[PDB]
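Source file: run_31.pdb; contents: PDB, C-alpha atoms.
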```
ATOM      1  CA  UNK A   1      83.149 106.660  90.396  1.00  0.00           C
ATOM      2  CA  UNK A   2      82.033 104.926  87.178  1.00  0.00           C
ATOM      3  CA  UNK A   3      85.160 104.629  85.029  1.00  0.00           C
ATOM      4  CA  UNK A   4      83.358 104.899  81.664  1.00  0.00           C
ATOM      5  CA  UNK A   5      82.238 108.424  82.523  1.00  0.00           C
ATOM      6  CA  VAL A   6      85.261 109.662  84.496  1.00  0.00           C
ATOM      7  CA  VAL A   7      87.898 108.204  82.122  1.00  0.00           C
ATOM      8  CA  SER A   8      87.157 109.788  78.739  1.00  0.00           C
ATOM      9  CA  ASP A   9      88.741 109.185  75.337  1.00  0.00           C
ATOM     10  CA  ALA A  10      90.440 112.572  75.722  1.00  0.00           C
ATOM     11  CA  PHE A  11      91.893 111.591  79.104  1.00  0.00           C
ATOM     12  CA  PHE A  12      93.150 108.221  77.896  1.00  0.00           C
ATOM     13  CA  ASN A  13      94.506 109.605  74.594  1.00  0.00           C
ATOM     14  CA  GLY A  14      96.206 112.449  76.481  1.00  0.00           C
ATOM     15  CA  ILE A  15      98.455 109.860  78.073  1.00  0.00           C
ATOM     16  CA  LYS A  16      98.972 107.588  75.061  1.00  0.00           C
ATOM     17  CA  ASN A  17      99.698 110.550  72.744  1.00  0.00           C
ATOM     18  CA  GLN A  18     102.980 110.904  74.606  1.00  0.00           C
ATOM     19  CA  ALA A  19     105.789 108.649  73.356  1.00  0.00           C
ATOM     20  CA  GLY A  20     104.538 107.115  70.163  1.00  0.00           C
ATOM     21  CA  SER A  21     104.943 105.964  67.544  1.00  0.00           C
ATOM     22  CA  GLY A  22     107.199 102.952  67.132  1.00  0.00           C
ATOM     23  CA  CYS A  23     106.447 101.969  70.725  1.00  0.00           C
ATOM     24  CA  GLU A  24     105.277  98.378  71.076  1.00  0.00           C
ATOM     25  CA  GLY A  25     102.281  99.542  73.144  1.00  0.00           C
ATOM     26  CA  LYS A  26     101.126 102.365  70.863  1.00  0.00           C
ATOM     27  CA  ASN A  27      98.512 100.213  69.115  1.00  0.00           C
ATOM     28  CA  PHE A  28      97.894  97.840  72.050  1.00  0.00           C
ATOM     29  CA  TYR A  29      96.671  99.873  75.030  1.00  0.00           C
ATOM     30  CA  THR A  30      93.117 101.161  74.484  1.00  0.00           C
ATOM     31  CA  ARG A  31      90.384 102.744  76.574  1.00  0.00           C
ATOM     32  CA  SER A  32      88.089  99.999  75.299  1.00  0.00           C
ATOM     33  CA  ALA A  33      90.352  97.304  76.771  1.00  0.00           C
ATOM     34  CA  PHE A  34      90.600  99.194  80.076  1.00  0.00           C
ATOM     35  CA  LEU A  35      86.828  99.531  80.391  1.00  0.00           C
ATOM     36  CA  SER A  36      86.276  95.848  79.585  1.00  0.00           C
ATOM     37  CA  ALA A  37      88.777  95.052  82.329  1.00  0.00           C
ATOM     38  CA  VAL A  38      87.062  97.368  84.847  1.00  0.00           C
ATOM     39  CA  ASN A  39      83.895  95.255  84.541  1.00  0.00           C
ATOM     40  CA  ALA A  40      85.758  92.360  86.165  1.00  0.00           C
ATOM     41  CA  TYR A  41      86.954  94.479  89.122  1.00  0.00           C
ATOM     42  CA  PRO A  42      83.853  95.980  90.714  1.00  0.00           C
ATOM     43  CA  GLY A  43      85.762  97.023  93.829  1.00  0.00           C
ATOM     44  CA  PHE A  44      88.011  99.352  91.834  1.00  0.00           C
ATOM     45  CA  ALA A  45      87.256 103.035  92.471  1.00  0.00           C
ATOM     46  CA  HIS A  46      84.554 101.914  94.924  1.00  0.00           C
ATOM     47  CA  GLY A  47      86.440 101.535  98.209  1.00  0.00           C
ATOM     48  CA  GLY A  48      84.737 104.585  99.746  1.00  0.00           C
ATOM     49  CA  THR A  49      83.483 108.017  98.628  1.00  0.00           C
ATOM     50  CA  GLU A  50      83.228 109.203  95.024  1.00  0.00           C
ATOM     51  CA  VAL A  51      86.189 111.489  95.740  1.00  0.00           C
ATOM     52  CA  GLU A  52      88.177 108.502  97.019  1.00  0.00           C
ATOM     53  CA  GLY A  53      87.119 106.603  93.910  1.00  0.00           C
ATOM     54  CA  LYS A  54      88.358 109.385  91.636  1.00  0.00           C
ATOM     55  CA  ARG A  55      91.656 109.573  93.557  1.00  0.00           C
ATOM     56  CA  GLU A  56      92.041 105.839  93.028  1.00  0.00           C
ATOM     57  CA  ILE A  57      91.531 106.164  89.271  1.00  0.00           C
ATOM     58  CA  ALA A  58      94.108 108.971  89.166  1.00  0.00           C
ATOM     59  CA  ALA A  59      96.531 106.891  91.250  1.00  0.00           C
ATOM     60  CA  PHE A  60      96.126 103.854  89.006  1.00  0.00           C
ATOM     61  CA  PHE A  61      96.816 105.898  85.876  1.00  0.00           C
ATOM     62  CA  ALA A  62      99.770 107.661  87.534  1.00  0.00           C
ATOM     63  CA  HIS A  63     101.566 104.398  88.218  1.00  0.00           C
ATOM     64  CA  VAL A  64     100.584 102.954  84.825  1.00  0.00           C
ATOM     65  CA  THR A  65     101.923 106.078  83.091  1.00  0.00           C
ATOM     66  CA  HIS A  66     105.254 105.758  84.833  1.00  0.00           C
ATOM     67  CA  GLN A  67     105.633 101.982  84.534  1.00  0.00           C
ATOM     68  CA  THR A  68     104.772 101.778  80.837  1.00  0.00           C
ATOM     69  CA  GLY A  69     106.235 105.124  79.760  1.00  0.00           C
ATOM     70  CA  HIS A  70     102.903 106.660  78.758  1.00  0.00           C
ATOM     71  CA  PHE A  71     101.783 103.328  77.230  1.00  0.00           C
ATOM     72  CA  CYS A  72     104.944 102.942  75.183  1.00  0.00           C
ATOM     73  CA  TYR A  73     105.898  99.579  76.665  1.00  0.00           C
ATOM     74  CA  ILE A  74     104.166  96.209  77.043  1.00  0.00           C
ATOM     75  CA  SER A  75     106.976  93.997  78.404  1.00  0.00           C
ATOM     76  CA  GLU A  76     109.966  94.594  80.672  1.00  0.00           C
ATOM     77  CA  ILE A  77     112.971  95.577  78.545  1.00  0.00           C
ATOM     78  CA  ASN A  78     115.114  92.791  79.976  1.00  0.00           C
ATOM     79  CA  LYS A  79     113.500  89.416  79.378  1.00  0.00           C
ATOM     80  CA  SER A  80     115.945  86.756  80.583  1.00  0.00           C
ATOM     81  CA  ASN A  81     114.810  86.431  84.209  1.00  0.00           C
ATOM     82  CA  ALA A  82     112.256  83.725  84.959  1.00  0.00           C
ATOM     83  CA  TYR A  83     110.982  85.609  88.051  1.00  0.00           C
ATOM     84  CA  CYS A  84     110.354  82.254  89.738  1.00  0.00           C
ATOM     85  CA  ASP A  85     109.847  81.893  93.478  1.00  0.00           C
ATOM     86  CA  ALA A  86     109.800  78.094  93.700  1.00  0.00           C
ATOM     87  CA  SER A  87     108.692  77.868  97.342  1.00  0.00           C
ATOM     88  CA  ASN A  88     104.957  77.405  96.261  1.00  0.00           C
ATOM     89  CA  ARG A  89     101.422  76.471  94.894  1.00  0.00           C
ATOM     90  CA  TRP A  90     101.900  78.484  91.806  1.00  0.00           C
ATOM     91  CA  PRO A  91     104.710  76.248  90.533  1.00  0.00           C
ATOM     92  CA  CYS A  92     106.812  77.748  87.760  1.00  0.00           C
ATOM     93  CA  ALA A  93     106.324  76.319  84.288  1.00  0.00           C
ATOM     94  CA  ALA A  94     109.474  75.054  82.607  1.00  0.00           C
ATOM     95  CA  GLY A  95     110.827  77.613  80.153  1.00  0.00           C
ATOM     96  CA  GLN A  96     108.220  80.290  80.934  1.00  0.00           C
ATOM     97  CA  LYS A  97     109.167  83.639  82.438  1.00  0.00           C
ATOM     98  CA  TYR A  98     107.171  85.934  84.703  1.00  0.00           C
ATOM     99  CA  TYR A  99     108.932  89.226  84.005  1.00  0.00           C
ATOM    100  CA  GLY A 100     106.875  92.432  83.899  1.00  0.00           C
ATOM    101  CA  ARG A 101     103.984  92.648  81.429  1.00  0.00           C
ATOM    102  CA  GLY A 102     101.057  95.021  80.931  1.00  0.00           C
ATOM    103  CA  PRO A 103     100.017  98.329  82.539  1.00  0.00           C
ATOM    104  CA  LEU A 104     101.410  97.559  85.991  1.00  0.00           C
ATOM    105  CA  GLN A 105     104.144  95.175  84.857  1.00  0.00           C
ATOM    106  CA  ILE A 106     102.784  92.175  86.728  1.00  0.00           C
ATOM    107  CA  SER A 107     105.705  89.953  87.738  1.00  0.00           C
ATOM    108  CA  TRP A 108     106.491  86.608  89.454  1.00  0.00           C
ATOM    109  CA  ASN A 109     104.810  83.209  89.412  1.00  0.00           C
ATOM    110  CA  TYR A 110     103.027  84.002  92.654  1.00  0.00           C
ATOM    111  CA  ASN A 111     101.224  86.857  90.920  1.00  0.00           C
ATOM    112  CA  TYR A 112     100.674  85.401  87.438  1.00  0.00           C
ATOM    113  CA  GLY A 113      99.181  82.281  89.022  1.00  0.00           C
ATOM    114  CA  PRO A 114      96.334  83.787  91.034  1.00  0.00           C
ATOM    115  CA  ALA A 115      95.782  86.554  88.463  1.00  0.00           C
ATOM    116  CA  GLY A 116      95.201  83.867  85.837  1.00  0.00           C
ATOM    117  CA  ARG A 117      92.830  81.979  88.125  1.00  0.00           C
ATOM    118  CA  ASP A 118      90.690  85.076  88.620  1.00  0.00           C
ATOM    119  CA  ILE A 119      90.866  86.277  85.001  1.00  0.00           C
ATOM    120  CA  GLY A 120      90.364  82.919  83.293  1.00  0.00           C
ATOM    121  CA  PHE A 121      93.653  82.043  81.600  1.00  0.00           C
ATOM    122  CA  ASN A 122      96.637  79.911  82.567  1.00  0.00           C
ATOM    123  CA  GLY A 123      98.976  82.494  84.067  1.00  0.00           C
ATOM    124  CA  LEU A 124     101.730  79.955  84.693  1.00  0.00           C
ATOM    125  CA  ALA A 125     101.723  78.146  81.350  1.00  0.00           C
ATOM    126  CA  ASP A 126     100.833  81.149  79.209  1.00  0.00           C
ATOM    127  CA  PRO A 127     102.132  84.353  80.836  1.00  0.00           C
ATOM    128  CA  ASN A 128     102.789  85.843  77.375  1.00  0.00           C
ATOM    129  CA  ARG A 129      99.019  86.181  76.996  1.00  0.00           C
ATOM    130  CA  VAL A 130      99.344  89.325  79.114  1.00  0.00           C
ATOM    131  CA  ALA A 131     101.480  90.805  76.317  1.00  0.00           C
ATOM    132  CA  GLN A 132      99.185  89.424  73.586  1.00  0.00           C
ATOM    133  CA  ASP A 133      95.765  90.662  74.713  1.00  0.00           C
ATOM    134  CA  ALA A 134      95.211  94.191  76.017  1.00  0.00           C
ATOM    135  CA  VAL A 135      92.010  93.155  77.819  1.00  0.00           C
ATOM    136  CA  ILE A 136      93.916  90.473  79.747  1.00  0.00           C
ATOM    137  CA  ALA A 137      96.715  93.021  80.251  1.00  0.00           C
ATOM    138  CA  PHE A 138      94.435  95.607  81.861  1.00  0.00           C
ATOM    139  CA  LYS A 139      92.774  92.857  83.904  1.00  0.00           C
ATOM    140  CA  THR A 140      96.153  91.793  85.346  1.00  0.00           C
ATOM    141  CA  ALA A 141      96.881  95.416  86.256  1.00  0.00           C
ATOM    142  CA  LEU A 142      93.548  95.819  88.009  1.00  0.00           C
ATOM    143  CA  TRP A 143      93.972  92.398  89.607  1.00  0.00           C
ATOM    144  CA  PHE A 144      97.386  93.411  90.936  1.00  0.00           C
ATOM    145  CA  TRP A 145      96.028  96.755  92.098  1.00  0.00           C
ATOM    146  CA  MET A 146      93.007  95.339  93.920  1.00  0.00           C
ATOM    147  CA  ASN A 147      95.013  92.567  95.531  1.00  0.00           C
ATOM    148  CA  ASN A 148      98.045  94.617  96.635  1.00  0.00           C
ATOM    149  CA  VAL A 149      97.494  98.368  96.407  1.00  0.00           C
ATOM    150  CA  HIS A 150      93.785  99.150  96.930  1.00  0.00           C
ATOM    151  CA  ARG A 151      93.929  98.699 100.725  1.00  0.00           C
ATOM    152  CA  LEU A 152      96.596 101.408 100.915  1.00  0.00           C
ATOM    153  CA  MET A 153      94.690 104.039  98.884  1.00  0.00           C
ATOM    154  CA  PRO A 154      93.050 105.554 101.990  1.00  0.00           C
ATOM    155  CA  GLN A 155      96.541 106.175 103.398  1.00  0.00           C
ATOM    156  CA  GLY A 156      97.385 108.371 100.404  1.00  0.00           C
ATOM    157  CA  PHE A 157      99.193 108.160  97.064  1.00  0.00           C
ATOM    158  CA  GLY A 158     102.587 107.823  98.728  1.00  0.00           C
ATOM    159  CA  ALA A 159     101.529 104.618 100.443  1.00  0.00           C
ATOM    160  CA  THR A 160     100.717 103.265  96.977  1.00  0.00           C
ATOM    161  CA  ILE A 161     104.224 104.060  95.737  1.00  0.00           C
ATOM    162  CA  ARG A 162     105.533 102.038  98.666  1.00  0.00           C
ATOM    163  CA  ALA A 163     103.052  99.230  97.876  1.00  0.00           C
ATOM    164  CA  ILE A 164     104.240  98.941  94.281  1.00  0.00           C
ATOM    165  CA  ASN A 165     108.033  98.914  94.835  1.00  0.00           C
ATOM    166  CA  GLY A 166     110.178  99.401  97.932  1.00  0.00           C
ATOM    167  CA  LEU A 167     113.021 100.864  96.013  1.00  0.00           C
ATOM    168  CA  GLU A 168     111.542 104.269  95.248  1.00  0.00           C
ATOM    169  CA  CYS A 169     110.876 105.515  98.761  1.00  0.00           C
ATOM    170  CA  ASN A 170     113.029 106.863 101.601  1.00  0.00           C
ATOM    171  CA  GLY A 171     115.437 108.782  99.384  1.00  0.00           C
ATOM    172  CA  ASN A 172     116.214 105.796  97.147  1.00  0.00           C
ATOM    173  CA  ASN A 173     114.894 106.867  93.735  1.00  0.00           C
ATOM    174  CA  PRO A 174     113.596 110.456  94.136  1.00  0.00           C
ATOM    175  CA  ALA A 175     113.283 111.088  90.387  1.00  0.00           C
ATOM    176  CA  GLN A 176     110.987 108.113  89.817  1.00  0.00           C
ATOM    177  CA  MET A 177     109.050 108.731  93.042  1.00  0.00           C
ATOM    178  CA  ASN A 178     108.469 112.359  92.090  1.00  0.00           C
ATOM    179  CA  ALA A 179     107.607 111.370  88.508  1.00  0.00           C
ATOM    180  CA  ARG A 180     104.751 109.239  89.837  1.00  0.00           C
ATOM    181  CA  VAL A 181     103.570 112.058  92.130  1.00  0.00           C
ATOM    182  CA  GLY A 182     103.650 114.454  89.165  1.00  0.00           C
ATOM    183  CA  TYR A 183     101.338 112.266  87.102  1.00  0.00           C
ATOM    184  CA  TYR A 184      99.015 111.758  90.061  1.00  0.00           C
ATOM    185  CA  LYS A 185      98.720 115.493  90.711  1.00  0.00           C
ATOM    186  CA  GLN A 186      97.973 116.171  87.053  1.00  0.00           C
ATOM    187  CA  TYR A 187      95.365 113.416  86.782  1.00  0.00           C
ATOM    188  CA  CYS A 188      93.716 114.711  89.950  1.00  0.00           C
ATOM    189  CA  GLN A 189      93.548 118.170  88.328  1.00  0.00           C
ATOM    190  CA  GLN A 190      92.046 116.689  85.164  1.00  0.00           C
ATOM    191  CA  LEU A 191      89.501 114.556  87.026  1.00  0.00           C
ATOM    192  CA  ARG A 192      88.750 117.571  89.233  1.00  0.00           C
ATOM    193  CA  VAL A 193      89.502 116.047  92.625  1.00  0.00           C
ATOM    194  CA  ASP A 194      91.874 117.198  95.375  1.00  0.00           C
ATOM    195  CA  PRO A 195      94.933 114.909  95.616  1.00  0.00           C
ATOM    196  CA  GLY A 196      94.835 114.344  99.391  1.00  0.00           C
ATOM    197  CA  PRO A 197      97.692 113.970 101.880  1.00  0.00           C
ATOM    198  CA  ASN A 198     100.822 111.791 101.941  1.00  0.00           C
ATOM    199  CA  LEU A 199     101.784 111.941  98.243  1.00  0.00           C
ATOM    200  CA  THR A 200     105.550 111.309  98.413  1.00  0.00           C
ATOM    201  CA  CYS A 201     107.385 108.476 100.140  1.00  0.00           C
TER
END
```

So that I can check it, write out the structure of this file as C-alpha cells.
Amino acid sequence: XXXXXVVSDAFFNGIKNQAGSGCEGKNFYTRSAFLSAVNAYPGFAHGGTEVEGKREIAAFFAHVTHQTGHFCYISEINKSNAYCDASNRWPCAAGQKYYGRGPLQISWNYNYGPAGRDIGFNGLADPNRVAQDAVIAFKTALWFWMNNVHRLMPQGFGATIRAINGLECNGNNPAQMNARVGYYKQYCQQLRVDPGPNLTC
C-alpha cells in the first residue's frame, strides 16, 4: 500500500531498462520523481484493501509502460495538434499545444488546466513543463489517474483500459489491449498480488 516500499528500485529499473538508450525519457523518468509525486496523491493505492492498493499500483505501471514504451518517450510523437476543446473554463492559450506528455500522456486543455491547478503550475500557459520536469510529469499522471481511472479500479483492470482510451476495447485494437494486460499480469506477479477479474476489454 505504501509506494516507497512496494515499488522498489529493482521494480522501477526493470521497466526502464527496456528500450534505452537514446530514448528521450531514459534519463528523465526516475523512481525518485514518482515517489515525490505520490506524496501529492494520498488517495492513490488507498481506495480499499492493501491487495486492491497493490493491484492499483500494478495497473498504473501497466498503462504507463505501454503509453511511454517502457519509459522511452516523454511527448507524443506527433506534435502539431493543439488538442484544444474551446467550449470552456480552461481556455486554450494561443500557440500552446496540449498533446500527450508524461507517464500517462496527459492531453487536452480540459485536463492540463485542472491538473495545473492541483499541482501548482500553469497547465494552460506552460504545458511543456510536463515534459521538462519529471516530478510534474508523474504528478500529472497520478492526477489523471485519480481523476479519471481510480473509480474504475474496483471493476477490474479491463475497466481501466476502457477508462484510458475507447479505441482499444471491443475488438478494436487487440494487440495494444493485450499488451497492457500482459504488463499488468507481470507486475501483479512481481508485487505478489492476484490480478483479479475483468482484465481484457

Discussion item. Just want the 10 Å neighbourhood of residue 65 in chain A, counted on all atoms listed in the file, with same-chain residues fewer than 5 positions away dropped. Output as a ChimeraX atom specification.
Written reply: /A:15-16,18,59-60,70-73,103-104,179-180,183-184

Since we have the selection now, will you write its residues out, keeping C-alpha atoms, as a short mmCIF file (atom, residue, chain, number, x, y, z; two decimals), keeping the file's coordinate frame?
```cif
data_model
loop_
_atom_site.label_atom_id
_atom_site.label_comp_id
_atom_site.auth_asym_id
_atom_site.auth_seq_id
_atom_site.Cartn_x
_atom_site.Cartn_y
_atom_site.Cartn_z
CA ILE A 15 98.46 109.86 78.07
CA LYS A 16 98.97 107.59 75.06
CA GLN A 18 102.98 110.90 74.61
CA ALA A 59 96.53 106.89 91.25
CA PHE A 60 96.13 103.85 89.01
CA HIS A 70 102.90 106.66 78.76
CA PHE A 71 101.78 103.33 77.23
CA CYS A 72 104.94 102.94 75.18
CA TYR A 73 105.90 99.58 76.67
CA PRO A 103 100.02 98.33 82.54
CA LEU A 104 101.41 97.56 85.99
CA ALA A 179 107.61 111.37 88.51
CA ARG A 180 104.75 109.24 89.84
CA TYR A 183 101.34 112.27 87.10
CA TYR A 184 99.02 111.76 90.06
#
```

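Here the question is which of A:74, A:62, A:115, A:84 gets nearest to residue 178 in chain A using only C-alpha atoms, and that residue is A:62.
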
For range 153-165 of chain A: contacts at 10 Å, only C-alpha atoms, fewer than 5 positions along chain excluded, given as a PDB file with C-alpha atoms, keeping the file's coordinate frame:
```pdb
ATOM      1  CA  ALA A  45      87.256 103.035  92.471  1.00  0.00           C
ATOM      2  CA  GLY A  47      86.440 101.535  98.209  1.00  0.00           C
ATOM      3  CA  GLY A  48      84.737 104.585  99.746  1.00  0.00           C
ATOM      4  CA  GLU A  52      88.177 108.502  97.019  1.00  0.00           C
ATOM      5  CA  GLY A  53      87.119 106.603  93.910  1.00  0.00           C
ATOM      6  CA  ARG A  55      91.656 109.573  93.557  1.00  0.00           C
ATOM      7  CA  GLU A  56      92.041 105.839  93.028  1.00  0.00           C
ATOM      8  CA  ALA A  58      94.108 108.971  89.166  1.00  0.00           C
ATOM      9  CA  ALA A  59      96.531 106.891  91.250  1.00  0.00           C
ATOM     10  CA  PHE A  60      96.126 103.854  89.006  1.00  0.00           C
ATOM     11  CA  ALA A  62      99.770 107.661  87.534  1.00  0.00           C
ATOM     12  CA  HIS A  63     101.566 104.398  88.218  1.00  0.00           C
ATOM     13  CA  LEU A 104     101.410  97.559  85.991  1.00  0.00           C
ATOM     14  CA  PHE A 144      97.386  93.411  90.936  1.00  0.00           C
ATOM     15  CA  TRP A 145      96.028  96.755  92.098  1.00  0.00           C
ATOM     16  CA  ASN A 148      98.045  94.617  96.635  1.00  0.00           C
ATOM     17  CA  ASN A 170     113.029 106.863 101.601  1.00  0.00           C
ATOM     18  CA  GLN A 176     110.987 108.113  89.817  1.00  0.00           C
ATOM     19  CA  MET A 177     109.050 108.731  93.042  1.00  0.00           C
ATOM     20  CA  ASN A 178     108.469 112.359  92.090  1.00  0.00           C
ATOM     21  CA  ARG A 180     104.751 109.239  89.837  1.00  0.00           C
ATOM     22  CA  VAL A 181     103.570 112.058  92.130  1.00  0.00           C
ATOM     23  CA  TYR A 184      99.015 111.758  90.061  1.00  0.00           C
ATOM     24  CA  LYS A 185      98.720 115.493  90.711  1.00  0.00           C
ATOM     25  CA  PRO A 195      94.933 114.909  95.616  1.00  0.00           C
ATOM     26  CA  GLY A 196      94.835 114.344  99.391  1.00  0.00           C
ATOM     27  CA  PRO A 197      97.692 113.970 101.880  1.00  0.00           C
ATOM     28  CA  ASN A 198     100.822 111.791 101.941  1.00  0.00           C
ATOM     29  CA  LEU A 199     101.784 111.941  98.243  1.00  0.00           C
ATOM     30  CA  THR A 200     105.550 111.309  98.413  1.00  0.00           C
ATOM     31  CA  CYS A 201     107.385 108.476 100.140  1.00  0.00           C
TER      32      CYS A 201
END
```

Worksheet, complete the sentence: Judged by only C-alpha atoms, the minimum distance to residue 1 in chain A among A:128, A:49, A:88, A:122 is found for A:49

Item to complete: For residue 112 in chain A, work out the shell of residues within 12 Å, counting only C-alpha atoms and skipping chain neighbours fewer than 2 positions away, then give it as a PyMOL selection string.
Response: chain A and resi 82-85+89-93+96-102+105-110+114-130+136-137+139-141+143-144

Worksheet entry | Straight-line distance linking CA of residue 40 in chain A with CA of residue 2 in chain A, stated in Å to one decimal |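 Rounded to one decimal, the two atoms are 13.1 Å apart.
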